[PDB]
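Colleague: Dumping the structure here so I can ask a few things about it.
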Amino acid sequence: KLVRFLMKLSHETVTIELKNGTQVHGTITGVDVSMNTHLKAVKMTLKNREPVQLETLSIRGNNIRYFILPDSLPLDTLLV
Amino acid sequence: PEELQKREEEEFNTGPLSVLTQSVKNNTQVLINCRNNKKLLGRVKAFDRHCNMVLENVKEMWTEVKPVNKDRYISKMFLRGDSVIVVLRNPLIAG
Amino acid sequence: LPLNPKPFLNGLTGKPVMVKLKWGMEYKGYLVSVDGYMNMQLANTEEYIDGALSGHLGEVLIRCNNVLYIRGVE
Amino acid sequence: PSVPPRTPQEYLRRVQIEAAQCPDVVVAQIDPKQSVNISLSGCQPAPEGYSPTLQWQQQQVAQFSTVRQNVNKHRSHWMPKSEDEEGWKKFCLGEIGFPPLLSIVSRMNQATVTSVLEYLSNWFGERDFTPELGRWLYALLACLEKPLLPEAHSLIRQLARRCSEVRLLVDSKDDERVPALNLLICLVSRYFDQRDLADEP
Amino acid sequence: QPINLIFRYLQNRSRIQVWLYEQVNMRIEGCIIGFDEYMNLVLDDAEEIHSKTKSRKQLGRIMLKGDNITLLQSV
Amino acid sequence: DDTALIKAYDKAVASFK
């Protein structure tokens, strides 16, 4: 179910903590049913590096710690 | 049927997952230990069988090199169950 | 008397248990509750890191995956 | 029936059937205390009168975004050693010391931007806030690209706390510091998403 | 299959050793008395065998989760 | 403008009213 909600989030731009801790800011093109997430307009911030621009990135559901959602995001609405 | 799912909800109001539905029903805060080795203090807006969660008003709390407390705030969050280790109902927090 | 994992576990409810996690911490408490996926809820929970009583947590949900083994206590 | 099973699949089928007879969820009623988790406080509200208006905060945040655009024009066109706490303090604050010219900050990489920010917070803890300092903090923040690491979030919250604390010492809104403090707090609290520190009036 | 291996060990009620996935400093040993399709084991008379330090901690009857298991062998 | 930050700061402090 809660993954229904994630799939309602195209064009929302978010930040993702990966499991290795890398922070991944981008805009959602798609989320699938096993939480794999495709992004575009991506900025990756790495512990001991400078950052990284990328036109697109696609990311393994099971490589995600959590999503940081945009604050304006209207939750009660999408929880249905 | 599909109304055998209403066992699920009876099963959340009593299972171990009650701990979560607490927070949802009552707008209470919980404290999750997370595998990133940090703690998340927040309210649960929603959750599933797997402990996937939508949280509000989260403080990420942790420590680091004599070790200094650190934190960071997060308005809204989708937390993967995978990242969750344990979850406190009625945690005790202080300045 | 082959004892199987579900019935064994259902059998631990009510009683003192020592859950030990994949990552080396363990938790003692009274096994309040249990579901299909073998999630668990403990009361009067106590944390032990390196075996040292770390904290007194009260009521606590443990997600199934993190569990290494569970066993009863006196 | 009342034999035993000779193959694994049969045994399992036998387990499965037993596991459907069992209750799926079981709760045990018990009959009758808790460590503390030390949590960093927020931002010290503003004395009555001093809290800036929503329309002002919104105003600067927008302005600060713009400022960061320009910080990437100069950034294409390209100092103490990165680890030198002391030199960096000198370099920036001096006795005087150097302003934050695009010349110099656009040459600083992200890990440095961040370290320096730490060094100027560490100065600020035990020294008073100047407008020289205000400039550097404002600069280094504008030179922080995001998404930020968490270490760097915690950093700027520390700094936003430290501001709100100093703001309590002020005795007339005519203090030079007030606006600079209100700003930095507003920026951390609204531009960098830590609204749990923000001055809602 | 790994299950067929176990199954037998249950017939003999053999004493077995378990190699854990996440943990290398440690083995689990016990006599097997039940299991299920996810290879969770009920294990009796059970022990934590610390490597190097040659020590052994009595646990008694435990249930070992199946996701944890690298490898099974007899003792 | 090399001091464009310095300026933008002061402009921003100044602008409190």
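Note on naming: chains are A, B, ... as they come in the structure tokens, residues start from 1 per chain, ligands start from 1 in the order shown.
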Residues of chain D within 6 Å of chain B, counting only C-alpha atoms - could you list those as a PyMOL selection string?
Modeller: chain D and resi 36-39+41+153-154+194
Colleague: Would you save the residues from that selection as an mmCIF file, in the first residue's frame, using N, CA and C atoms?
Modeller:
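File result-v9.cif, as written:
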data_model
loop_
_atom_site.group_PDB
_atom_site.id
_atom_site.type_symbol
_atom_site.label_atom_id
_atom_site.label_comp_id
_atom_site.auth_asym_id
_atom_site.auth_seq_id
_atom_site.Cartn_x
_atom_site.Cartn_y
_atom_site.Cartn_z
ATOM 1 N N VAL D 36 17.152 8.187 29.286
ATOM 2 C CA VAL D 36 16.820 9.388 28.544
ATOM 3 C C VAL D 36 17.714 9.508 27.346
ATOM 4 N N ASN D 37 17.138 10.086 26.302
ATOM 5 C CA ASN D 37 17.867 10.406 25.101
ATOM 6 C C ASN D 37 18.002 11.934 25.099
ATOM 7 N N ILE D 38 19.251 12.387 25.222
ATOM 8 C CA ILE D 38 19.579 13.816 25.334
ATOM 9 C C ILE D 38 19.394 14.422 23.965
ATOM 10 N N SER D 39 18.542 15.432 23.854
ATOM 11 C CA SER D 39 18.246 15.994 22.543
ATOM 12 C C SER D 39 18.604 17.469 22.482
ATOM 13 N N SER D 41 18.510 21.218 21.948
ATOM 14 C CA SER D 41 17.420 22.184 21.968
ATOM 15 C C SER D 41 17.304 22.913 20.634
ATOM 16 N N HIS D 153 24.336 19.973 7.908
ATOM 17 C CA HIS D 153 23.087 20.492 8.469
ATOM 18 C C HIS D 153 23.228 20.770 9.934
ATOM 19 N N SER D 154 23.846 19.838 10.646
ATOM 20 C CA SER D 154 23.970 19.970 12.084
ATOM 21 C C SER D 154 24.781 21.186 12.409
ATOM 22 N N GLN D 194 15.579 23.735 7.849
ATOM 23 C CA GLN D 194 15.478 23.465 9.265
ATOM 24 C C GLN D 194 14.412 24.354 9.862
#
Colleague: Taking a cut-off of 8 Å and counting only C-alpha atoms, can you build a table that, for each residue of chain A near chain B, reports the nearest atom pair and how far apart they are in Å (one decimal), sorted by chain then residue number, as a tab-separated table?
Modeller:
residue	atom	partner	partner_atom	distance
A:1	CA	B:48	CA	6.7
A:2	CA	B:48	CA	6.2
A:19	CA	B:36	CA	7.2
A:21	CA	B:36	CA	7.6
A:62	CA	B:82	CA	7.9
A:64	CA	B:80	CA	7.2
A:65	CA	B:83	CA	5.7
A:66	CA	B:79	CA	4.4
A:67	CA	B:78	CA	4.9
A:68	CA	B:77	CA	4.8
A:69	CA	B:76	CA	5.3
A:70	CA	B:76	CA	7.0
A:71	CA	B:75	CA	5.8
A:79	CA	B:46	CA	7.9
Colleague: For the residues in the current selection, export N, CA, C and O atoms as a PDB file, in the first residue's frame.
Modeller:
ATOM      1  N   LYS A   1       0.812  -1.262   0.000  1.00  0.00           N
ATOM      2  CA  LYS A   1       0.000   0.000   0.000  1.00  0.00           C
ATOM      3  C   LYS A   1       0.837   1.300   0.000  1.00  0.00           C
ATOM      4  O   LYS A   1       0.735   2.088  -0.930  1.00  0.00           O
ATOM      5  N   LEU A   2       1.632   1.533   1.053  1.00  0.00           N
ATOM      6  CA  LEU A   2       2.466   2.753   1.201  1.00  0.00           C
ATOM      7  C   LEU A   2       3.272   3.044  -0.032  1.00  0.00           C
ATOM      8  O   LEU A   2       3.664   4.172  -0.266  1.00  0.00           O
ATOM      9  N   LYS A  19      21.774   4.030   1.342  1.00  0.00           N
ATOM     10  CA  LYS A  19      22.234   3.274   2.459  1.00  0.00           C
ATOM     11  C   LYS A  19      23.682   3.603   2.812  1.00  0.00           C
ATOM     12  O   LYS A  19      23.997   3.794   4.000  1.00  0.00           O
ATOM     13  N   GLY A  21      24.890   6.370   2.599  1.00  0.00           N
ATOM     14  CA  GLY A  21      24.864   7.685   3.201  1.00  0.00           C
ATOM     15  C   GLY A  21      24.888   8.837   2.210  1.00  0.00           C
ATOM     16  O   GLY A  21      24.585   9.985   2.567  1.00  0.00           O
ATOM     17  N   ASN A  62      15.919  -1.181  -2.801  1.00  0.00           N
ATOM     18  CA  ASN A  62      16.650  -1.675  -1.642  1.00  0.00           C
ATOM     19  C   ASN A  62      18.014  -1.022  -1.490  1.00  0.00           C
ATOM     20  O   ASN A  62      18.901  -1.574  -0.860  1.00  0.00           O
ATOM     21  N   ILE A  64      17.909   2.329  -0.628  1.00  0.00           N
ATOM     22  CA  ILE A  64      17.414   3.565  -0.084  1.00  0.00           C
ATOM     23  C   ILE A  64      17.231   3.500   1.440  1.00  0.00           C
ATOM     24  O   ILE A  64      16.657   2.535   1.943  1.00  0.00           O
ATOM     25  N   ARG A  65      17.698   4.522   2.149  1.00  0.00           N
ATOM     26  CA  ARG A  65      17.476   4.621   3.586  1.00  0.00           C
ATOM     27  C   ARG A  65      16.107   5.244   3.834  1.00  0.00           C
ATOM     28  O   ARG A  65      15.296   4.716   4.594  1.00  0.00           O
ATOM     29  N   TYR A  66      15.861   6.372   3.175  1.00  0.00           N
ATOM     30  CA  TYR A  66      14.592   7.028   3.216  1.00  0.00           C
ATOM     31  C   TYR A  66      14.554   8.140   2.200  1.00  0.00           C
ATOM     32  O   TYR A  66      15.576   8.492   1.613  1.00  0.00           O
ATOM     33  N   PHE A  67      13.358   8.677   1.994  1.00  0.00           N
ATOM     34  CA  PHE A  67      13.151   9.834   1.149  1.00  0.00           C
ATOM     35  C   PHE A  67      12.886  10.989   2.065  1.00  0.00           C
ATOM     36  O   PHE A  67      12.146  10.837   3.040  1.00  0.00           O
ATOM     37  N   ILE A  68      13.454  12.144   1.733  1.00  0.00           N
ATOM     38  CA  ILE A  68      13.039  13.418   2.315  1.00  0.00           C
ATOM     39  C   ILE A  68      12.066  14.045   1.369  1.00  0.00           C
ATOM     40  O   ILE A  68      12.412  14.344   0.250  1.00  0.00           O
ATOM     41  N   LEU A  69      10.851  14.263   1.816  1.00  0.00           N
ATOM     42  CA  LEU A  69       9.832  14.813   0.937  1.00  0.00           C
ATOM     43  C   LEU A  69       9.809  16.350   0.975  1.00  0.00           C
ATOM     44  O   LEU A  69      10.276  16.959   1.933  1.00  0.00           O
ATOM     45  N   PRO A  70       9.281  16.986  -0.077  1.00  0.00           N
ATOM     46  CA  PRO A  70       9.137  18.436  -0.032  1.00  0.00           C
ATOM     47  C   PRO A  70       8.105  18.817   0.991  1.00  0.00           C
ATOM     48  O   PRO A  70       7.103  18.110   1.155  1.00  0.00           O
ATOM     49  N   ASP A  71       8.360  19.922   1.678  1.00  0.00           N
ATOM     50  CA  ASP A  71       7.556  20.270   2.821  1.00  0.00           C
ATOM     51  C   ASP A  71       6.110  20.585   2.421  1.00  0.00           C
ATOM     52  O   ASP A  71       5.159  20.197   3.081  1.00  0.00           O
ATOM     53  N   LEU A  79      -2.687  10.168   1.022  1.00  0.00           N
ATOM     54  CA  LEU A  79      -2.936   8.960   1.800  1.00  0.00           C
ATOM     55  C   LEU A  79      -4.386   8.485   1.621  1.00  0.00           C
ATOM     56  O   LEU A  79      -5.207   8.603   2.520  1.00  0.00           O
TER      57      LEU A  79
END
Colleague: Taking the chain letters and numbering used in this document, name the residues of chain B that DSSP puts in strand (DSSP E or B), as a compact mmCIF listing (two decimals) with N, CA, C and O atoms, in the first residue's frame.
Modeller:
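Written output follows (selection_30.txt):
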# COMPACT_ATOMS: atom_id res chain seq x y z
N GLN B 29 4.64 10.85 19.40
CA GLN B 29 5.97 10.65 18.86
C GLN B 29 6.56 9.30 19.22
O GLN B 29 6.31 8.78 20.31
N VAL B 30 7.38 8.77 18.32
CA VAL B 30 8.10 7.53 18.56
C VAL B 30 9.56 7.77 18.39
O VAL B 30 9.96 8.81 17.92
N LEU B 31 10.36 6.79 18.71
CA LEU B 31 11.78 6.89 18.48
C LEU B 31 12.31 5.61 17.85
O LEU B 31 12.38 4.56 18.48
N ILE B 32 12.73 5.72 16.61
CA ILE B 32 13.19 4.60 15.84
C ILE B 32 14.69 4.52 15.81
O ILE B 32 15.33 5.48 15.41
N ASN B 33 15.28 3.39 16.14
CA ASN B 33 16.69 3.23 15.84
C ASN B 33 16.84 2.76 14.43
O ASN B 33 16.13 1.89 13.96
N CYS B 34 17.77 3.38 13.74
CA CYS B 34 17.85 3.21 12.33
C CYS B 34 19.20 2.67 12.10
O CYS B 34 20.10 2.86 12.93
N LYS B 39 19.06 8.04 15.12
CA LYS B 39 17.76 7.86 15.72
C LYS B 39 16.86 8.86 15.14
O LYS B 39 17.25 9.96 14.84
N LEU B 40 15.61 8.50 15.02
CA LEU B 40 14.69 9.36 14.35
C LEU B 40 13.57 9.54 15.29
O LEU B 40 12.93 8.58 15.67
N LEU B 41 13.31 10.77 15.67
CA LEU B 41 12.22 11.00 16.56
C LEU B 41 11.15 11.65 15.76
O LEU B 41 11.33 12.78 15.30
N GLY B 42 10.04 10.97 15.60
CA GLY B 42 8.94 11.56 14.89
C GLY B 42 7.58 10.96 15.16
O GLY B 42 7.44 9.99 15.91
N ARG B 43 6.59 11.59 14.53
CA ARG B 43 5.23 11.10 14.50
C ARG B 43 4.98 10.32 13.22
O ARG B 43 5.52 10.65 12.17
N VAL B 44 4.14 9.30 13.32
CA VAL B 44 3.84 8.44 12.20
C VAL B 44 2.54 8.85 11.61
O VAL B 44 1.54 8.93 12.28
N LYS B 45 2.56 9.14 10.33
CA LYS B 45 1.34 9.51 9.64
C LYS B 45 0.73 8.27 9.00
O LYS B 45 -0.48 8.18 8.88
N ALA B 46 1.57 7.33 8.60
CA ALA B 46 1.07 6.14 7.95
C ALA B 46 2.10 5.02 7.91
O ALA B 46 3.30 5.29 7.90
N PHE B 47 1.64 3.77 7.83
CA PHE B 47 2.56 2.63 7.72
C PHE B 47 1.96 1.32 7.22
O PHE B 47 0.75 1.11 7.32
N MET B 53 6.98 3.73 6.26
CA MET B 53 6.38 4.75 7.08
C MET B 53 6.42 6.10 6.45
O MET B 53 7.35 6.44 5.76
N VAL B 54 5.43 6.90 6.75
CA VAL B 54 5.50 8.30 6.41
C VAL B 54 5.52 9.04 7.71
O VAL B 54 4.66 8.82 8.54
N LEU B 55 6.50 9.90 7.89
CA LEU B 55 6.69 10.53 9.18
C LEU B 55 6.63 12.03 9.04
O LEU B 55 6.92 12.56 7.99
N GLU B 56 6.27 12.70 10.14
CA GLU B 56 6.24 14.14 10.20
C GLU B 56 7.18 14.59 11.29
O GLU B 56 7.36 13.87 12.24
N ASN B 57 7.77 15.76 11.16
CA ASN B 57 8.57 16.35 12.25
C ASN B 57 9.57 15.42 12.86
O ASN B 57 9.49 15.06 14.04
N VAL B 58 10.55 15.07 12.07
CA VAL B 58 11.51 14.11 12.47
C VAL B 58 12.76 14.83 12.92
O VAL B 58 13.17 15.78 12.30
N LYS B 59 13.36 14.42 14.02
CA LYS B 59 14.70 14.89 14.31
C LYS B 59 15.61 13.72 14.09
O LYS B 59 15.41 12.68 14.66
N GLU B 60 16.58 13.86 13.21
CA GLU B 60 17.60 12.85 13.08
C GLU B 60 18.57 13.22 14.18
O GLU B 60 18.96 14.36 14.26
N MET B 61 18.93 12.28 15.04
CA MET B 61 19.82 12.53 16.17
C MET B 61 20.93 11.53 16.12
O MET B 61 20.68 10.38 15.84
N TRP B 62 22.16 11.95 16.37
CA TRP B 62 23.30 11.02 16.44
C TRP B 62 24.48 11.63 17.18
O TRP B 62 24.38 12.76 17.64
N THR B 63 25.58 10.90 17.31
CA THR B 63 26.77 11.48 17.97
C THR B 63 28.02 11.15 17.18
O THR B 63 27.97 10.31 16.28
N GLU B 64 29.13 11.78 17.53
CA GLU B 64 30.34 11.74 16.71
C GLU B 64 31.50 12.43 17.41
O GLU B 64 31.29 13.41 18.12
N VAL B 68 30.27 14.38 20.46
CA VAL B 68 29.34 15.51 20.44
C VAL B 68 28.02 15.11 19.81
O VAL B 68 27.99 14.55 18.72
N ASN B 69 26.94 15.41 20.53
CA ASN B 69 25.61 15.29 19.97
C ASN B 69 25.42 16.12 18.69
O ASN B 69 25.86 17.27 18.63
N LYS B 70 24.77 15.53 17.69
CA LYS B 70 24.40 16.23 16.45
C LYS B 70 22.97 15.92 16.08
O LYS B 70 22.45 14.87 16.44
N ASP B 71 22.34 16.82 15.35
CA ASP B 71 21.00 16.55 14.88
C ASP B 71 20.70 17.33 13.62
O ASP B 71 21.55 18.03 13.11
N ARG B 72 19.48 17.19 13.14
CA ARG B 72 19.05 17.70 11.87
C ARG B 72 17.54 17.46 11.78
O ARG B 72 17.03 16.47 12.28
N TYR B 73 16.83 18.36 11.12
CA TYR B 73 15.39 18.28 11.12
C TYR B 73 14.85 18.01 9.74
O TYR B 73 15.44 18.42 8.76
N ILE B 74 13.70 17.33 9.70
CA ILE B 74 13.08 16.82 8.47
C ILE B 74 11.54 16.86 8.52
O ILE B 74 10.88 16.02 9.14
N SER B 75 10.98 17.83 7.83
CA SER B 75 9.54 18.04 7.85
C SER B 75 8.69 16.82 7.56
O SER B 75 7.67 16.61 8.21
N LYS B 76 9.07 16.09 6.52
CA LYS B 76 8.27 14.98 6.00
C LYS B 76 9.20 13.95 5.40
O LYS B 76 10.18 14.28 4.75
N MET B 77 8.88 12.69 5.61
CA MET B 77 9.82 11.63 5.34
C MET B 77 9.12 10.36 4.99
O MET B 77 8.15 9.98 5.65
N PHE B 78 9.64 9.69 3.98
CA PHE B 78 9.24 8.33 3.73
C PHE B 78 10.40 7.45 4.16
O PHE B 78 11.47 7.48 3.56
N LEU B 79 10.16 6.68 5.21
CA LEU B 79 11.16 5.79 5.75
C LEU B 79 10.91 4.34 5.32
O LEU B 79 9.82 3.80 5.56
N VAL B 84 14.73 0.40 9.49
CA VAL B 84 14.29 0.30 10.88
C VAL B 84 14.84 -0.89 11.65
O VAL B 84 14.75 -2.03 11.18
N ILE B 85 15.34 -0.63 12.85
CA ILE B 85 15.77 -1.69 13.75
C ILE B 85 14.74 -1.92 14.86
O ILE B 85 14.21 -3.01 14.98
N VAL B 86 14.50 -0.91 15.68
CA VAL B 86 13.54 -1.02 16.75
C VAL B 86 12.82 0.28 16.88
O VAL B 86 13.29 1.29 16.42
N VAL B 87 11.71 0.26 17.57
CA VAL B 87 10.90 1.43 17.66
C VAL B 87 10.34 1.55 19.04
O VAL B 87 9.67 0.65 19.51
N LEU B 88 10.58 2.68 19.68
CA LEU B 88 10.08 2.90 21.00
C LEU B 88 8.72 3.56 20.93
O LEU B 88 8.51 4.50 20.17
N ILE B 93 12.61 11.86 26.20
CA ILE B 93 13.57 12.81 25.64
C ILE B 93 13.67 14.11 26.46
O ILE B 93 12.68 14.57 27.02
N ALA B 94 14.87 14.69 26.49
CA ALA B 94 15.13 15.86 27.33
C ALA B 94 16.20 16.80 26.76
O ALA B 94 17.13 16.35 26.09
Colleague: Can you list, as a ChimeraX atom specification, every protein, DNA or RNA residue that comes within 10 Å of residue 44 of chain C when you count only C-alpha atoms, leaving out same-chain residues fewer than 3 positions away?
Modeller: /C:16,27-32,56-60 /D:32-34
Colleague: Please save N, CA, C and O atoms of the selected residues as a CSV table (one decimal), in the first residue's frame.
Modeller:
chain,number,residue,atom,x,y,z
C,16,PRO,N,9.7,-13.8,29.7
C,16,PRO,CA,11.0,-13.2,29.4
C,16,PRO,C,11.8,-13.9,28.3
C,16,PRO,O,11.9,-15.1,28.3
C,27,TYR,N,18.4,-7.6,23.4
C,27,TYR,CA,17.3,-7.0,24.1
C,27,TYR,C,16.5,-8.0,25.0
C,27,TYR,O,16.0,-8.9,24.4
C,28,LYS,N,16.5,-7.7,26.3
C,28,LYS,CA,15.7,-8.6,27.2
C,28,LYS,C,14.5,-7.8,27.6
C,28,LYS,O,14.5,-6.6,27.8
C,29,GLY,N,13.4,-8.6,27.7
C,29,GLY,CA,12.1,-8.0,28.0
C,29,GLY,C,11.0,-9.1,28.0
C,29,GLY,O,11.3,-10.2,27.6
C,30,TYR,N,9.8,-8.7,28.3
C,30,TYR,CA,8.6,-9.6,28.4
C,30,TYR,C,8.0,-9.6,27.1
C,30,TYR,O,7.4,-8.6,26.7
C,31,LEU,N,8.0,-10.7,26.4
C,31,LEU,CA,7.5,-10.8,25.0
C,31,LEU,C,5.9,-10.6,25.0
C,31,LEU,O,5.2,-11.5,25.1
C,32,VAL,N,5.5,-9.3,24.8
C,32,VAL,CA,4.1,-9.0,24.8
C,32,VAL,C,3.4,-9.7,23.6
C,32,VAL,O,2.4,-10.3,23.8
C,56,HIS,N,17.3,1.5,29.3
C,56,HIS,CA,16.0,0.9,29.8
C,56,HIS,C,14.9,1.5,28.9
C,56,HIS,O,14.5,2.7,29.1
C,57,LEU,N,14.4,0.7,28.0
C,57,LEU,CA,13.6,1.3,26.9
C,57,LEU,C,12.1,1.2,27.0
C,57,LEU,O,11.3,1.9,26.4
C,58,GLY,N,11.6,0.4,27.9
C,58,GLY,CA,10.1,0.3,28.1
C,58,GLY,C,9.6,-0.5,26.8
C,58,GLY,O,10.2,-1.4,26.4
C,59,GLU,N,8.5,0.0,26.3
C,59,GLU,CA,7.9,-0.7,25.2
C,59,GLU,C,8.4,-0.5,23.8
C,59,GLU,O,8.7,0.7,23.4
C,60,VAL,N,8.5,-1.5,23.0
C,60,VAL,CA,9.4,-1.5,21.9
C,60,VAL,C,9.0,-2.5,20.9
C,60,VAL,O,8.8,-3.7,21.1
D,32,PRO,N,2.0,-5.3,36.2
D,32,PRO,CA,3.2,-4.6,36.7
D,32,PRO,C,3.8,-5.1,38.0
D,32,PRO,O,5.0,-5.5,38.0
D,33,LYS,N,13.0,3.4,35.4
D,33,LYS,CA,12.0,2.8,34.5
D,33,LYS,C,12.3,3.1,33.0
D,33,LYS,O,11.9,2.3,32.2
D,34,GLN,N,13.0,4.2,32.7
D,34,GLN,CA,13.4,4.4,31.3
D,34,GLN,C,14.6,5.4,31.0
D,34,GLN,O,14.5,6.6,31.4
Colleague: Quick check for you: according to DSSP on this backbone, which residues of segment 156-200 of chain D are classed as helix (DSSP H, G or I)? Reply as a PyMOL selection string.
Modeller: chain D and resi 156-166+177-191+195-197
Colleague: Let's have the selection written as a compact mmCIF listing (two decimals), in the first residue's frame, with N, CA, C and O atoms.
Modeller:
# COMPACT_ATOMS: atom_id res chain seq x y z
N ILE D 156 25.04 24.10 10.71
CA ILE D 156 24.40 25.36 10.53
C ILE D 156 23.26 25.53 11.51
O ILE D 156 22.80 26.63 11.78
N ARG D 157 22.77 24.43 12.05
CA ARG D 157 21.82 24.53 13.14
C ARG D 157 22.59 25.00 14.39
O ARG D 157 22.16 25.90 15.09
N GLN D 158 23.75 24.41 14.65
CA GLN D 158 24.58 24.88 15.76
C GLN D 158 24.73 26.40 15.70
O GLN D 158 24.55 27.11 16.68
N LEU D 159 25.06 26.88 14.52
CA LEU D 159 25.27 28.29 14.29
C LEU D 159 24.00 29.11 14.44
O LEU D 159 24.02 30.25 14.85
N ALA D 160 22.89 28.54 14.06
CA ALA D 160 21.64 29.23 14.21
C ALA D 160 21.19 29.27 15.66
O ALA D 160 20.54 30.21 16.07
N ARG D 161 21.51 28.23 16.43
CA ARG D 161 21.29 28.24 17.88
C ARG D 161 22.12 29.36 18.49
O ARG D 161 21.60 30.23 19.16
N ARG D 162 23.42 29.32 18.21
CA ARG D 162 24.35 30.28 18.77
C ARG D 162 23.89 31.70 18.50
O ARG D 162 24.02 32.55 19.35
N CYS D 163 23.32 31.96 17.34
CA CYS D 163 22.76 33.29 17.09
C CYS D 163 21.61 33.64 18.02
O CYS D 163 21.64 34.67 18.65
N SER D 164 20.61 32.77 18.09
CA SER D 164 19.42 33.01 18.92
C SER D 164 19.74 33.27 20.40
O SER D 164 18.98 33.99 21.09
N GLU D 165 20.83 32.66 20.87
CA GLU D 165 21.38 32.82 22.21
C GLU D 165 21.92 34.22 22.37
O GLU D 165 21.49 34.97 23.23
N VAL D 166 22.83 34.61 21.50
CA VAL D 166 23.34 35.98 21.50
C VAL D 166 22.28 37.06 21.35
O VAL D 166 22.43 38.15 21.84
N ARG D 177 23.85 43.95 15.63
CA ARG D 177 23.82 42.49 15.46
C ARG D 177 22.45 41.96 15.08
O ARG D 177 22.33 41.10 14.22
N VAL D 178 21.41 42.49 15.73
CA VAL D 178 20.06 41.94 15.61
C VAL D 178 19.70 41.48 14.20
O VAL D 178 19.37 40.31 13.99
N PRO D 179 19.75 42.40 13.23
CA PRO D 179 19.35 42.02 11.88
C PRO D 179 20.18 40.83 11.34
O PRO D 179 19.62 39.86 10.85
N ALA D 180 21.51 40.94 11.46
CA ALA D 180 22.45 39.89 11.04
C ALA D 180 22.12 38.56 11.67
O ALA D 180 22.14 37.53 11.02
N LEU D 181 21.82 38.59 12.95
CA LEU D 181 21.41 37.39 13.65
C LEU D 181 20.07 36.91 13.09
O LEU D 181 19.97 35.78 12.63
N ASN D 182 19.07 37.76 13.08
CA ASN D 182 17.77 37.35 12.55
C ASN D 182 17.83 36.73 11.16
O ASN D 182 17.02 35.83 10.81
N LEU D 183 18.78 37.23 10.37
CA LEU D 183 18.98 36.80 9.00
C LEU D 183 19.46 35.40 9.03
O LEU D 183 18.75 34.50 8.62
N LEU D 184 20.66 35.21 9.56
CA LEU D 184 21.29 33.91 9.59
C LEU D 184 20.34 32.85 10.10
O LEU D 184 20.30 31.75 9.58
N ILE D 185 19.56 33.19 11.10
CA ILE D 185 18.55 32.30 11.61
C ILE D 185 17.47 32.04 10.56
O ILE D 185 17.18 30.90 10.24
N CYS D 186 16.87 33.09 10.05
CA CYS D 186 15.99 32.94 8.92
C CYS D 186 16.58 32.04 7.77
O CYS D 186 15.90 31.14 7.25
N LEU D 187 17.84 32.24 7.37
CA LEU D 187 18.41 31.46 6.25
C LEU D 187 18.55 30.00 6.54
O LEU D 187 18.15 29.18 5.75
N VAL D 188 19.16 29.69 7.66
CA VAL D 188 19.24 28.32 8.12
C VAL D 188 17.83 27.75 8.27
O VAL D 188 17.56 26.62 7.88
N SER D 189 16.91 28.53 8.83
CA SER D 189 15.62 28.01 9.20
C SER D 189 14.67 27.88 8.03
O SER D 189 13.78 27.04 8.06
N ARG D 190 14.86 28.70 7.00
CA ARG D 190 13.97 28.64 5.82
C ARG D 190 14.66 28.26 4.49
O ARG D 190 14.20 27.36 3.78
N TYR D 191 15.78 28.89 4.14
CA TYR D 191 16.52 28.42 2.97
C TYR D 191 17.05 26.98 3.10
O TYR D 191 16.91 26.20 2.18
N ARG D 195 13.15 24.20 9.46
CA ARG D 195 12.13 25.13 9.94
C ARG D 195 11.79 24.89 11.42
O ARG D 195 11.15 25.75 12.04
N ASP D 196 12.27 23.80 12.02
CA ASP D 196 12.10 23.66 13.47
C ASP D 196 12.84 24.74 14.28
O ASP D 196 12.62 24.87 15.48
N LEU D 197 13.71 25.52 13.62
CA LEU D 197 14.42 26.64 14.25
C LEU D 197 13.84 28.00 13.87
O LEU D 197 14.35 29.03 14.32
Colleague: Tell me as a list in words which residues belonging to chain D come within 8 Å of chain E, counting only C-alpha atoms.
Modeller: residues 7, 8, 12 and 15 of chain D
Colleague: Keeping only C-alpha atoms, take the residues you just selected and write them out as a compact mmCIF listing (two decimals), in the first residue's frame.
Modeller:
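As written to disk, result_4.txt reads:
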# COMPACT_ATOMS: atom_id res chain seq x y z
CA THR D 7 10.61 -36.43 2.62
CA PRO D 8 11.28 -32.70 3.30
CA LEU D 12 6.97 -28.95 5.29
CA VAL D 15 4.44 -27.85 9.23
Colleague: List the neighbours of residue 61 of chain E out to 10 Å using only C-alpha atoms; skip same-chain residues closer than 3 positions along the sequence, and give me the result as a list in words.
Modeller: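 Near residue 61 of chain E, the qualifying residues are residues 8, 70, 71, 72 and 73 of chain C; 30, 31, 32, 33, 42, 43, 44, 45, 46, 47, 58 and 64 of chain E.
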Colleague: Using only C-alpha atoms, determine which residues lie at most 10 Å from residue 8 of chain F, disregarding the query and same-chain residues fewer than 6 positions distant; provide the list as a list in words.
Modeller: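 Here the qualifying residues turn out to be residues 63, 64, 67, 135, 138 and 139 of chain D; 14 of chain F.
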Colleague: Could you tell me which residues of chain D sit within 9 Å of chain A when counting only C-alpha atoms, and give me the result as a list in words?
Modeller: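 Listing them in order of chain and number gives residues 109, 110, 111, 145, 146, 147, 148, 149, 150 and 193 of chain D.
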Colleague: Pick out the chain C residues within 6 Å of chain D. Count only C-alpha atoms. Give them as a PyMOL selection string.
Modeller: chain C and resi 13-14+32-36+55-57
